[PDB]
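For reference, the structure discussed in these notes is given below.
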Amino acid sequence: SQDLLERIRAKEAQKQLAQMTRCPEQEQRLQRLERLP
Amino acid sequence: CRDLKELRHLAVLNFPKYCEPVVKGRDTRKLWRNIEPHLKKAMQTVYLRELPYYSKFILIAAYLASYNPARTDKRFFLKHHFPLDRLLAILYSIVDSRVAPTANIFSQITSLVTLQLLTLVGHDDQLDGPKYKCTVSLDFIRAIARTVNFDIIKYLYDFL
Amino acid sequence: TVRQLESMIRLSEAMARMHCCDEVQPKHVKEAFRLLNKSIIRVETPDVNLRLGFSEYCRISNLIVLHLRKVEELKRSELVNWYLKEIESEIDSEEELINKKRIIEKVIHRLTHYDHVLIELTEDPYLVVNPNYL
Amino acid sequence: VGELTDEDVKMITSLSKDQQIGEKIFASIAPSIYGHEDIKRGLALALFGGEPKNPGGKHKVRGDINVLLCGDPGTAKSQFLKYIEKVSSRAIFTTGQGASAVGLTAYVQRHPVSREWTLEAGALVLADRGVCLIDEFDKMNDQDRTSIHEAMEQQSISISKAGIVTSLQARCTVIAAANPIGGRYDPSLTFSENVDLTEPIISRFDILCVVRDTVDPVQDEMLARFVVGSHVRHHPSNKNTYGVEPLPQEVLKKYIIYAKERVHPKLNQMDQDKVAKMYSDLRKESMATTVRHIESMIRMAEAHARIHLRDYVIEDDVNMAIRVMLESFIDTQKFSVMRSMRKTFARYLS
Ligand SMILES: Nc1ncnc2c1ncn2[C@@H]1O[C@H](COP(=O)(O)OP(=O)(O)OP(O)(O)=S)[C@@H](O)[C@H]1O
Ligand SMILES: [Mg+2]
């Protein structure tokens, strides 16, 4: 059913949002770390 | 159409065609598909319920004289660069053949006046300077010009 | 003139390049046709009664008329189910789904009872297109 | 001529014996443009050129055709001019705004080093034996126009400046483009009224072609289909009315060169009575509304004979020249009279 698929998508989105609750700067430095040399 | 009388009249007229498909053999889709084009044709008319040769030329000349300002007349007819005389000159210019001023053309003019196609403006006693107006719809004049093989749009100053 | 035809071809190619597509698709043509047509344009269209824009209203009307006319060669609930199936690529939350259901119910009712483009035939009434909509 | 390969000559001769050589030659010009038979016919006829003559060494009769193209916007006149620019072995392209009287002609200047009077050739002088193209001729200043008539009529320029009097050859074929005043051609007016040019300038021109815009759904379909097909064909990644296959561009160029440099037709079988009666009728119907028109028709027949590579002119060339000249003449008249002209001259147009 459409509702089940949408609820699964919402759960995945919430899990990914909890994953990205980590500070964005942590990756930005990493980005810059590839540009420094 | 919100008129109760008119809508009831339409229903009375169109019911026999409504009831044919079931007689031929509660099928809503079948009835609607069978009946839609007839309803459209009926809705085409909600509230509604062969001239002689020279008469056509007279009519088109009158239309041109009425709807074309005089200043441009020569611009459309003189080979090098409303009153009755203007109509006569325009008619003489349009027709490729030499037409003699027989009384029959005047009889045609008067008959057209009687048929309420051309309206007389001036006094009835003044039959030396008469004025006329043309009351023909543009679609009618285009159709008659098509039946004559004449392109009136090329001469209408307003359209140009 | 032919210059506008060349402009239309150029616009379709520009749409194709925007989407990084190696081939041109008719969707780009349909998109550019509006832009070539519009000419005189207001600053902003007024809202239509929660409010919805005039362009979205026309889009929904066009979609529903096209589907009904295609199926001609339906039911209210079935048509709503089809619409929600077609718009699944945009909805991402339950709230958006219930909002879309509200909007489509309101639009279908409004077309049925105000614009007369949709005609009811006798909880799941049959819907037909007014035969004079193009 | 010496550089020509004998294979080129044999191919040209094999083409000449074809009964439909004219049709394929006309269809071979502007493949990318749809329709417009009359304009390409006239331009090809001018391109092949006539035979210049000097009867007695007392007066010189030009063997050149000057073409004027008046068009409503959207008819690809510039495309035709560009194609003519590319095809010609010798060609110069000029625009209306950037062409001054001094620029077009040779002018006297003091040399920066030695400081003696010297002549610098203009566009027309370098167009000698070639072709000159004028774009937006309606933008010409009248003062700049004045110098044009001498070169148009005599194909020679006399420069009398700074104590130096010189004569220079100006035998060139001139193709001019023009747009009607107001941007739209009015069929209810004379050709003179629609174009902001004096009568002598038009008189110097031999062929006049007016192009209008009509809303015809079937012609619109044909135009759209041909345009989109041409667009598909000429993609860099991917890189007729007469029903005849167009000739290759190189083959056409070689044919043009050989015809220009070999054929010299003779008008020994022309019936003077027919042309005299036609010219009397032309006088009648022109005063009702000249000799150089006769001269233009004569050189037109000569060019048409050169197209078929015939040392002598057959009367069919005369008939076709009469037909196209009459078409050009009636195209320049008002609508109220062109119907009568067509009725009167239905014998020749059929
Ligand atoms: N009959 C036609 N067939 C094919 N392509 C055409 C035709 N008419 C116009 N076009 C296209 O339209 C383009 C632009 O036309 P133009 O040459 O600018 O118009 P125009 O008739 O020369 O009027 P001007 O000089 O520009 S105001 C051309 O390059 C062609 O690609
Ligand atoms: Mg152009």
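Residues in the structure tokens are named by chain (A, B, ... in the order shown) and by number from 1 within that chain; ligands are numbered from 1 in the order shown.
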
Exercise. Hey, what's within 10 Å of stretch 125-141 of chain B if we count only C-alpha atoms and toss same-chain stuff fewer than 4 positions away? As JSON, numbers by chain, please?
Worked result: {"B": [56, 59, 60, 61, 62, 63, 64, 65, 66, 67, 82, 83, 84, 85, 87, 113, 116, 117, 118, 119, 120, 121, 145, 146, 147, 152]}

Selection file, C-alpha atoms, as a PDB file, in the first residue's frame:
ATOM      1  CA  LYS B  56     -25.468  40.834 -56.070  1.00  0.00           C
ATOM      2  CA  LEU B  59     -25.530  44.814 -52.892  1.00  0.00           C
ATOM      3  CA  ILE B  60     -21.739  44.546 -52.775  1.00  0.00           C
ATOM      4  CA  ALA B  61     -21.373  48.052 -54.218  1.00  0.00           C
ATOM      5  CA  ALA B  62     -23.770  49.383 -51.577  1.00  0.00           C
ATOM      6  CA  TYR B  63     -21.790  47.651 -48.825  1.00  0.00           C
ATOM      7  CA  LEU B  64     -18.552  49.142 -50.155  1.00  0.00           C
ATOM      8  CA  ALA B  65     -20.093  52.615 -50.390  1.00  0.00           C
ATOM      9  CA  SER B  66     -21.465  52.408 -46.847  1.00  0.00           C
ATOM     10  CA  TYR B  67     -18.397  51.016 -45.067  1.00  0.00           C
ATOM     11  CA  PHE B  82     -23.961  57.834 -49.584  1.00  0.00           C
ATOM     12  CA  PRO B  83     -25.308  59.430 -52.769  1.00  0.00           C
ATOM     13  CA  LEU B  84     -26.655  57.502 -55.732  1.00  0.00           C
ATOM     14  CA  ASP B  85     -24.014  58.779 -58.168  1.00  0.00           C
ATOM     15  CA  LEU B  87     -23.016  53.945 -56.099  1.00  0.00           C
ATOM     16  CA  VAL B 113     -35.218  48.979 -50.882  1.00  0.00           C
ATOM     17  CA  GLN B 116     -35.481  45.992 -46.250  1.00  0.00           C
ATOM     18  CA  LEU B 117     -31.923  45.323 -47.417  1.00  0.00           C
ATOM     19  CA  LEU B 118     -31.243  48.996 -48.207  1.00  0.00           C
ATOM     20  CA  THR B 119     -32.695  51.754 -46.033  1.00  0.00           C
ATOM     21  CA  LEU B 120     -33.760  55.087 -47.517  1.00  0.00           C
ATOM     22  CA  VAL B 121     -32.540  58.078 -45.502  1.00  0.00           C
ATOM     23  CA  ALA B 145     -18.930  37.592 -52.958  1.00  0.00           C
ATOM     24  CA  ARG B 146     -17.618  34.023 -52.784  1.00  0.00           C
ATOM     25  CA  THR B 147     -20.573  32.901 -54.903  1.00  0.00           C
ATOM     26  CA  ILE B 152     -14.202  42.066 -51.068  1.00  0.00           C
TER      27      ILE B 152
END

For this session: Could the residues that lie within 7 Å of ligand 1, counting only C-alpha atoms and all ligand atoms, be listed as number ranges by chain?
Result: C: 2-3; D: 32-35, 71-79, 223, 227

Give me the residues of chain B that have any atom at most 9 Å from an atom of chain D; for each, the nearest atom pair and the distance in Å, rounded to one decimal. Use only C-alpha atoms, sort by chain and number, and format it as a tab-separated table.
residue	atom	partner	partner_atom	distance
B:75	CA	D:188	CA	7.9
B:76	CA	D:188	CA	7.3
B:77	CA	D:336	CA	7.2
B:78	CA	D:336	CA	8.9
B:79	CA	D:289	CA	6.3
B:80	CA	D:289	CA	5.7
B:81	CA	D:289	CA	8.8
B:154	CA	D:188	CA	8.1
B:155	CA	D:188	CA	8.4
B:160	CA	D:186	CA	8.7

For this session: Identify every residue of chain B that has at least one atom within 12 Å of any atom of chain C, counting only C-alpha atoms, and report the result as a PyMOL selection string.
Result: chain B and resi 26-29+31-33+35-41+43-44

May I have the residues from that selection written out with C-alpha atoms, as a short mmCIF file (atom, residue, chain, number, x, y, z; two decimals), in the first residue's frame?
data_model
loop_
_atom_site.label_atom_id
_atom_site.label_comp_id
_atom_site.auth_asym_id
_atom_site.auth_seq_id
_atom_site.Cartn_x
_atom_site.Cartn_y
_atom_site.Cartn_z
CA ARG B 26 -30.70 1.74 -16.45
CA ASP B 27 -27.50 1.78 -18.53
CA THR B 28 -26.27 5.27 -17.71
CA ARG B 29 -23.04 5.06 -19.72
CA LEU B 31 -27.51 6.30 -22.75
CA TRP B 32 -25.04 9.14 -22.22
CA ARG B 33 -22.75 7.96 -25.02
CA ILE B 35 -27.25 10.84 -26.48
CA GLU B 36 -24.38 13.37 -26.07
CA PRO B 37 -23.99 14.46 -29.74
CA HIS B 38 -27.71 15.15 -30.05
CA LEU B 39 -27.56 17.34 -26.94
CA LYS B 40 -24.60 19.26 -28.37
CA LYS B 41 -26.46 19.76 -31.66
CA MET B 43 -27.36 23.40 -27.70
CA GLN B 44 -26.07 24.86 -30.97
#

Spatial neighbours of residue C:103, max dist 12 Å, only C-alpha atoms, sep filter under 2 positions, as a PDB file with N, CA, C and O atoms, in the first residue's frame:
ATOM      1  N   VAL C  48      -6.784  31.635  -4.887  1.00  0.00           N
ATOM      2  CA  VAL C  48      -8.118  31.073  -5.066  1.00  0.00           C
ATOM      3  C   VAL C  48      -8.441  30.222  -3.846  1.00  0.00           C
ATOM      4  O   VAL C  48      -7.629  29.384  -3.436  1.00  0.00           O
ATOM      5  N   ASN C  49      -9.619  30.437  -3.270  1.00  0.00           N
ATOM      6  CA  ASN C  49     -10.036  29.698  -2.084  1.00  0.00           C
ATOM      7  C   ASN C  49     -10.423  28.266  -2.438  1.00  0.00           C
ATOM      8  O   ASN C  49     -11.150  28.025  -3.401  1.00  0.00           O
ATOM      9  N   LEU C  50      -6.458  28.438   3.847  1.00  0.00           N
ATOM     10  CA  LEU C  50      -6.115  27.546   2.746  1.00  0.00           C
ATOM     11  C   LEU C  50      -6.389  28.236   1.413  1.00  0.00           C
ATOM     12  O   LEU C  50      -7.531  28.567   1.097  1.00  0.00           O
ATOM     13  N   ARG C  51      -5.330  28.452   0.634  1.00  0.00           N
ATOM     14  CA  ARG C  51      -5.440  29.076  -0.675  1.00  0.00           C
ATOM     15  C   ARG C  51      -4.523  28.357  -1.653  1.00  0.00           C
ATOM     16  O   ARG C  51      -3.539  27.728  -1.257  1.00  0.00           O
ATOM     17  N   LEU C  52      -4.859  28.455  -2.938  1.00  0.00           N
ATOM     18  CA  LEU C  52      -4.123  27.760  -3.983  1.00  0.00           C
ATOM     19  C   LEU C  52      -4.013  28.655  -5.210  1.00  0.00           C
ATOM     20  O   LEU C  52      -4.926  29.423  -5.523  1.00  0.00           O
ATOM     21  N   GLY C  53      -2.875  28.547  -5.903  1.00  0.00           N
ATOM     22  CA  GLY C  53      -2.590  29.434  -7.010  1.00  0.00           C
ATOM     23  C   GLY C  53      -3.327  29.065  -8.285  1.00  0.00           C
ATOM     24  O   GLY C  53      -3.702  27.919  -8.519  1.00  0.00           O
ATOM     25  N   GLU C  56      -1.671  26.306 -10.502  1.00  0.00           N
ATOM     26  CA  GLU C  56      -1.894  24.955  -9.996  1.00  0.00           C
ATOM     27  C   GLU C  56      -3.327  24.506 -10.247  1.00  0.00           C
ATOM     28  O   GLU C  56      -3.576  23.332 -10.549  1.00  0.00           O
ATOM     29  N   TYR C  57      -4.282  25.427 -10.117  1.00  0.00           N
ATOM     30  CA  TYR C  57      -5.678  25.109 -10.393  1.00  0.00           C
ATOM     31  C   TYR C  57      -5.855  24.670 -11.842  1.00  0.00           C
ATOM     32  O   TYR C  57      -6.494  23.646 -12.126  1.00  0.00           O
ATOM     33  N   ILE C  60      -4.249  21.148 -12.348  1.00  0.00           N
ATOM     34  CA  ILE C  60      -5.089  20.060 -11.856  1.00  0.00           C
ATOM     35  C   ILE C  60      -6.271  19.838 -12.788  1.00  0.00           C
ATOM     36  O   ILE C  60      -6.624  18.693 -13.107  1.00  0.00           O
ATOM     37  N   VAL C  80      -9.508   9.732  -7.606  1.00  0.00           N
ATOM     38  CA  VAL C  80      -8.664  10.283  -6.548  1.00  0.00           C
ATOM     39  C   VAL C  80      -7.490   9.353  -6.267  1.00  0.00           C
ATOM     40  O   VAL C  80      -6.354   9.804  -6.059  1.00  0.00           O
ATOM     41  N   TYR C  83      -4.949   9.833  -8.943  1.00  0.00           N
ATOM     42  CA  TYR C  83      -4.212  11.083  -8.787  1.00  0.00           C
ATOM     43  C   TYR C  83      -3.145  10.944  -7.710  1.00  0.00           C
ATOM     44  O   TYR C  83      -1.989  11.334  -7.908  1.00  0.00           O
ATOM     45  N   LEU C  84      -3.516  10.378  -6.560  1.00  0.00           N
ATOM     46  CA  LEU C  84      -2.541  10.203  -5.489  1.00  0.00           C
ATOM     47  C   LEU C  84      -1.435   9.236  -5.889  1.00  0.00           C
ATOM     48  O   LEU C  84      -0.292   9.383  -5.441  1.00  0.00           O
ATOM     49  N   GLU C  96       1.485  16.097   4.105  1.00  0.00           N
ATOM     50  CA  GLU C  96       1.338  16.483   2.707  1.00  0.00           C
ATOM     51  C   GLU C  96       0.307  15.615   1.998  1.00  0.00           C
ATOM     52  O   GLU C  96      -0.440  16.105   1.146  1.00  0.00           O
ATOM     53  N   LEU C  97       0.243  14.325   2.337  1.00  0.00           N
ATOM     54  CA  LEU C  97      -0.764  13.461   1.727  1.00  0.00           C
ATOM     55  C   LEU C  97      -2.173  13.903   2.103  1.00  0.00           C
ATOM     56  O   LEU C  97      -3.062  13.977   1.245  1.00  0.00           O
ATOM     57  N   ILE C  98      -2.406  14.183   3.388  1.00  0.00           N
ATOM     58  CA  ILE C  98      -3.749  14.598   3.782  1.00  0.00           C
ATOM     59  C   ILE C  98      -4.079  15.962   3.186  1.00  0.00           C
ATOM     60  O   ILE C  98      -5.229  16.219   2.801  1.00  0.00           O
ATOM     61  N   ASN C  99      -3.084  16.847   3.069  1.00  0.00           N
ATOM     62  CA  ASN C  99      -3.308  18.129   2.414  1.00  0.00           C
ATOM     63  C   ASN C  99      -3.691  17.933   0.952  1.00  0.00           C
ATOM     64  O   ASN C  99      -4.612  18.586   0.453  1.00  0.00           O
ATOM     65  N   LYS C 100      -3.001  17.028   0.254  1.00  0.00           N
ATOM     66  CA  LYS C 100      -3.318  16.767  -1.146  1.00  0.00           C
ATOM     67  C   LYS C 100      -4.715  16.180  -1.296  1.00  0.00           C
ATOM     68  O   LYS C 100      -5.440  16.520  -2.237  1.00  0.00           O
ATOM     69  N   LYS C 101      -5.102  15.283  -0.387  1.00  0.00           N
ATOM     70  CA  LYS C 101      -6.454  14.733  -0.422  1.00  0.00           C
ATOM     71  C   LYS C 101      -7.492  15.834  -0.231  1.00  0.00           C
ATOM     72  O   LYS C 101      -8.490  15.901  -0.962  1.00  0.00           O
ATOM     73  N   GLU C 105     -10.157  16.886  -3.191  1.00  0.00           N
ATOM     74  CA  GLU C 105     -11.587  16.826  -2.909  1.00  0.00           C
ATOM     75  C   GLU C 105     -12.238  18.184  -3.139  1.00  0.00           C
ATOM     76  O   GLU C 105     -13.286  18.285  -3.795  1.00  0.00           O
ATOM     77  N   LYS C 106     -11.608  19.247  -2.632  1.00  0.00           N
ATOM     78  CA  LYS C 106     -12.162  20.586  -2.803  1.00  0.00           C
ATOM     79  C   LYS C 106     -12.215  20.980  -4.273  1.00  0.00           C
ATOM     80  O   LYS C 106     -13.203  21.566  -4.728  1.00  0.00           O
ATOM     81  N   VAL C 107     -11.164  20.666  -5.033  1.00  0.00           N
ATOM     82  CA  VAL C 107     -11.118  21.046  -6.441  1.00  0.00           C
ATOM     83  C   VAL C 107     -12.173  20.294  -7.240  1.00  0.00           C
ATOM     84  O   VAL C 107     -12.848  20.875  -8.098  1.00  0.00           O
ATOM     85  N   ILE C 108     -12.329  18.993  -6.986  1.00  0.00           N
ATOM     86  CA  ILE C 108     -13.343  18.225  -7.702  1.00  0.00           C
ATOM     87  C   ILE C 108     -14.734  18.751  -7.378  1.00  0.00           C
ATOM     88  O   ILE C 108     -15.573  18.918  -8.273  1.00  0.00           O
ATOM     89  N   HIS C 109     -14.999  19.039  -6.099  1.00  0.00           N
ATOM     90  CA  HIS C 109     -16.296  19.603  -5.737  1.00  0.00           C
ATOM     91  C   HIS C 109     -16.522  20.950  -6.414  1.00  0.00           C
ATOM     92  O   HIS C 109     -17.617  21.226  -6.923  1.00  0.00           O
ATOM     93  N   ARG C 110     -15.491  21.799  -6.434  1.00  0.00           N
ATOM     94  CA  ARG C 110     -15.617  23.129  -7.017  1.00  0.00           C
ATOM     95  C   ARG C 110     -15.888  23.047  -8.513  1.00  0.00           C
ATOM     96  O   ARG C 110     -16.719  23.793  -9.043  1.00  0.00           O
TER      97      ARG C 110
END

Exercise. What's the 10 Å shell around stretch 9-16 of chain A, counting only C-alpha atoms, without same-chain residues fewer than 6 positions away, as number ranges by chain?
Worked result: A: 3; C: 92-94

With N, CA, C and O atoms retained, write the just-selected residues as a PDB file, in the first residue's frame.
ATOM      1  N   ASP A   3       0.511   3.945   1.807  1.00  0.00           N
ATOM      2  CA  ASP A   3       0.772   4.433   3.157  1.00  0.00           C
ATOM      3  C   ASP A   3       1.972   3.727   3.776  1.00  0.00           C
ATOM      4  O   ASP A   3       2.797   4.361   4.442  1.00  0.00           O
TER       5      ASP A   3
ATOM      6  N   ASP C  92       6.157  13.641   0.556  1.00  0.00           N
ATOM      7  CA  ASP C  92       7.169  13.034   1.407  1.00  0.00           C
ATOM      8  C   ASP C  92       6.724  12.848   2.852  1.00  0.00           C
ATOM      9  O   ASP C  92       7.512  12.352   3.665  1.00  0.00           O
ATOM     10  N   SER C  93       5.496  13.230   3.199  1.00  0.00           N
ATOM     11  CA  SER C  93       5.035  13.123   4.575  1.00  0.00           C
ATOM     12  C   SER C  93       3.536  12.861   4.593  1.00  0.00           C
ATOM     13  O   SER C  93       2.830  13.088   3.607  1.00  0.00           O
ATOM     14  N   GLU C  94       3.062  12.371   5.741  1.00  0.00           N
ATOM     15  CA  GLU C  94       1.636  12.117   5.919  1.00  0.00           C
ATOM     16  C   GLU C  94       0.828  13.406   5.833  1.00  0.00           C
ATOM     17  O   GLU C  94      -0.267  13.428   5.254  1.00  0.00           O
TER      18      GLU C  94
END

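Near residue D:185, within 10 Å and counting only C-alpha atoms, sit residues 70, 71, 72, 73, 179, 180, 181, 189, 191, 193, 194, 195, 210, 211, 212 and 213 of chain D; same-chain residues fewer than 4 positions away were not included.
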
For this session: Apply DSSP to the backbone of this structure and, from stretch 12-134 of chain C, keep only the residues in alpha helix (DSSP H); write these as an MDAnalysis selection string.
Result: chainID C and resid 12:18 26:38 54:72 76:86 94:110

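Residues in contact range of residue C:16, defined as at most 12 Å between only C-alpha atoms, with sequence neighbours fewer than 3 positions away removed, read residues 9, 10, 11, 12, 13, 19, 20, 21, 22, 23, 24, 25, 26, 27, 28, 29, 31 and 32 of chain C.
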
Generate the output file for the selected residues, N, CA and C atoms, as a short mmCIF file (atom, residue, chain, number, x, y, z; two decimals), in the first residue's frame.
data_model
loop_
_atom_site.label_atom_id
_atom_site.label_comp_id
_atom_site.auth_asym_id
_atom_site.auth_seq_id
_atom_site.Cartn_x
_atom_site.Cartn_y
_atom_site.Cartn_z
N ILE C 9 12.87 25.76 -31.34
CA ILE C 9 13.88 24.71 -31.38
C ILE C 9 15.02 25.03 -30.43
N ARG C 10 15.48 26.28 -30.44
CA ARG C 10 16.56 26.69 -29.54
C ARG C 10 16.16 26.52 -28.09
N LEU C 11 14.93 26.89 -27.75
CA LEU C 11 14.46 26.76 -26.37
C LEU C 11 14.39 25.31 -25.94
N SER C 12 13.92 24.43 -26.83
CA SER C 12 13.90 23.01 -26.51
C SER C 12 15.31 22.48 -26.29
N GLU C 13 16.26 22.90 -27.13
CA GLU C 13 17.65 22.47 -26.95
C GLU C 13 18.22 23.00 -25.64
N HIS C 19 19.03 19.85 -18.42
CA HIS C 19 18.81 18.58 -17.74
C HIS C 19 19.91 17.56 -18.02
N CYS C 20 20.96 17.96 -18.73
CA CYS C 20 22.09 17.08 -19.06
C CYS C 20 21.61 15.82 -19.79
N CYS C 21 20.68 16.00 -20.72
CA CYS C 21 20.14 14.91 -21.51
C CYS C 21 20.73 14.95 -22.92
N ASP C 22 21.24 13.81 -23.38
CA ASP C 22 21.84 13.74 -24.71
C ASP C 22 20.81 13.79 -25.83
N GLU C 23 19.52 13.66 -25.52
CA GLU C 23 18.47 13.72 -26.51
C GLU C 23 17.35 14.63 -26.02
N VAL C 24 16.61 15.20 -26.97
CA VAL C 24 15.54 16.15 -26.67
C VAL C 24 14.23 15.39 -26.53
N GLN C 25 13.47 15.71 -25.48
CA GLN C 25 12.21 15.06 -25.17
C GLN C 25 11.03 16.02 -25.34
N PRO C 26 9.84 15.51 -25.66
CA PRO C 26 8.69 16.40 -25.88
C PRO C 26 8.30 17.24 -24.67
N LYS C 27 8.65 16.81 -23.46
CA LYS C 27 8.34 17.60 -22.27
C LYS C 27 8.95 18.99 -22.36
N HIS C 28 10.16 19.08 -22.90
CA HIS C 28 10.80 20.38 -23.10
C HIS C 28 9.99 21.24 -24.07
N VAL C 29 9.46 20.63 -25.13
CA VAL C 29 8.64 21.35 -26.09
C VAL C 29 7.38 21.89 -25.41
N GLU C 31 7.02 22.56 -22.28
CA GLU C 31 7.44 23.62 -21.37
C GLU C 31 7.66 24.94 -22.12
N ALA C 32 8.36 24.88 -23.25
CA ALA C 32 8.69 26.11 -23.98
C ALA C 32 7.47 26.72 -24.66
#

Could you go through stretch 147-252 of chain D and tell me which residues DSSP, when run on the backbone, assigns to strand (DSSP E or B), listing them as a PDB file with N, CA and C atoms, in the first residue's frame?
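Writing done, so here's result21.pdb:
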ATOM      1  N   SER D 156      31.187  51.678 -66.178  1.00  0.00           N
ATOM      2  CA  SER D 156      32.487  52.327 -66.133  1.00  0.00           C
ATOM      3  C   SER D 156      32.357  53.564 -65.262  1.00  0.00           C
ATOM      4  N   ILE D 157      33.438  53.899 -64.567  1.00  0.00           N
ATOM      5  CA  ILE D 157      33.457  55.035 -63.654  1.00  0.00           C
ATOM      6  C   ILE D 157      34.544  56.005 -64.095  1.00  0.00           C
ATOM      7  N   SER D 158      34.191  57.285 -64.155  1.00  0.00           N
ATOM      8  CA  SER D 158      35.123  58.357 -64.484  1.00  0.00           C
ATOM      9  C   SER D 158      35.365  59.166 -63.217  1.00  0.00           C
ATOM     10  N   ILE D 159      36.587  59.099 -62.701  1.00  0.00           N
ATOM     11  CA  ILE D 159      36.971  59.808 -61.488  1.00  0.00           C
ATOM     12  C   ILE D 159      37.733  61.058 -61.898  1.00  0.00           C
ATOM     13  N   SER D 160      37.204  62.220 -61.523  1.00  0.00           N
ATOM     14  CA  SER D 160      37.806  63.517 -61.819  1.00  0.00           C
ATOM     15  C   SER D 160      38.014  64.232 -60.488  1.00  0.00           C
ATOM     16  N   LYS D 161      39.161  63.988 -59.858  1.00  0.00           N
ATOM     17  CA  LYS D 161      39.441  64.545 -58.543  1.00  0.00           C
ATOM     18  C   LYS D 161      40.915  64.898 -58.421  1.00  0.00           C
ATOM     19  N   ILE D 164      43.227  64.755 -61.338  1.00  0.00           N
ATOM     20  CA  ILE D 164      43.410  63.449 -61.957  1.00  0.00           C
ATOM     21  C   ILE D 164      42.070  63.006 -62.521  1.00  0.00           C
ATOM     22  N   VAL D 165      42.046  62.714 -63.819  1.00  0.00           N
ATOM     23  CA  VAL D 165      40.866  62.202 -64.504  1.00  0.00           C
ATOM     24  C   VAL D 165      41.212  60.825 -65.048  1.00  0.00           C
ATOM     25  N   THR D 166      40.482  59.812 -64.592  1.00  0.00           N
ATOM     26  CA  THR D 166      40.750  58.432 -64.967  1.00  0.00           C
ATOM     27  C   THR D 166      39.441  57.703 -65.223  1.00  0.00           C
ATOM     28  N   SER D 167      39.526  56.631 -66.007  1.00  0.00           N
ATOM     29  CA  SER D 167      38.388  55.779 -66.316  1.00  0.00           C
ATOM     30  C   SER D 167      38.697  54.361 -65.862  1.00  0.00           C
ATOM     31  N   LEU D 168      37.728  53.724 -65.211  1.00  0.00           N
ATOM     32  CA  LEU D 168      37.901  52.377 -64.690  1.00  0.00           C
ATOM     33  C   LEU D 168      36.702  51.517 -65.062  1.00  0.00           C
ATOM     34  N   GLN D 169      36.976  50.246 -65.341  1.00  0.00           N
ATOM     35  CA  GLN D 169      35.939  49.313 -65.757  1.00  0.00           C
ATOM     36  C   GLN D 169      35.081  48.901 -64.567  1.00  0.00           C
ATOM     37  N   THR D 173      27.718  42.457 -61.929  1.00  0.00           N
ATOM     38  CA  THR D 173      26.321  42.075 -61.768  1.00  0.00           C
ATOM     39  C   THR D 173      25.884  42.427 -60.352  1.00  0.00           C
ATOM     40  N   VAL D 174      24.855  43.262 -60.233  1.00  0.00           N
ATOM     41  CA  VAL D 174      24.468  43.858 -58.959  1.00  0.00           C
ATOM     42  C   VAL D 174      23.161  43.239 -58.485  1.00  0.00           C
ATOM     43  N   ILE D 175      23.168  42.748 -57.248  1.00  0.00           N
ATOM     44  CA  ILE D 175      21.994  42.164 -56.611  1.00  0.00           C
ATOM     45  C   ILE D 175      21.713  42.967 -55.350  1.00  0.00           C
ATOM     46  N   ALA D 176      20.557  43.624 -55.303  1.00  0.00           N
ATOM     47  CA  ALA D 176      20.220  44.525 -54.210  1.00  0.00           C
ATOM     48  C   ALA D 176      18.981  44.030 -53.481  1.00  0.00           C
ATOM     49  N   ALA D 177      18.979  44.200 -52.162  1.00  0.00           N
ATOM     50  CA  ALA D 177      17.860  43.817 -51.314  1.00  0.00           C
ATOM     51  C   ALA D 177      17.219  45.057 -50.703  1.00  0.00           C
ATOM     52  N   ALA D 178      15.914  44.972 -50.450  1.00  0.00           N
ATOM     53  CA  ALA D 178      15.172  46.115 -49.944  1.00  0.00           C
ATOM     54  C   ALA D 178      13.948  45.646 -49.170  1.00  0.00           C
ATOM     55  N   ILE D 207      15.421  43.131 -63.388  1.00  0.00           N
ATOM     56  CA  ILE D 207      14.485  42.189 -62.788  1.00  0.00           C
ATOM     57  C   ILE D 207      14.090  42.708 -61.413  1.00  0.00           C
ATOM     58  N   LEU D 208      12.784  42.749 -61.161  1.00  0.00           N
ATOM     59  CA  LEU D 208      12.215  43.180 -59.893  1.00  0.00           C
ATOM     60  C   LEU D 208      11.429  42.017 -59.311  1.00  0.00           C
ATOM     61  N   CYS D 209      11.673  41.694 -58.042  1.00  0.00           N
ATOM     62  CA  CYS D 209      10.960  40.600 -57.392  1.00  0.00           C
ATOM     63  C   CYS D 209      10.472  41.052 -56.026  1.00  0.00           C
ATOM     64  N   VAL D 210       9.158  41.011 -55.827  1.00  0.00           N
ATOM     65  CA  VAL D 210       8.529  41.359 -54.558  1.00  0.00           C
ATOM     66  C   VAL D 210       8.032  40.077 -53.903  1.00  0.00           C
ATOM     67  N   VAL D 211       8.292  39.942 -52.606  1.00  0.00           N
ATOM     68  CA  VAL D 211       7.897  38.766 -51.839  1.00  0.00           C
ATOM     69  C   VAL D 211       6.989  39.211 -50.701  1.00  0.00           C
TER      70      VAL D 211
END

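The space separating atom CA of residue D:90 from atom CA of residue D:130 comes to 5.0 Å.
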
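Minimum atom-to-atom distances from D:137, D:107, D:26, D:117 to ligand 2 were compared using only C-alpha atoms and all ligand atoms, and the lowest value belongs to D:137.
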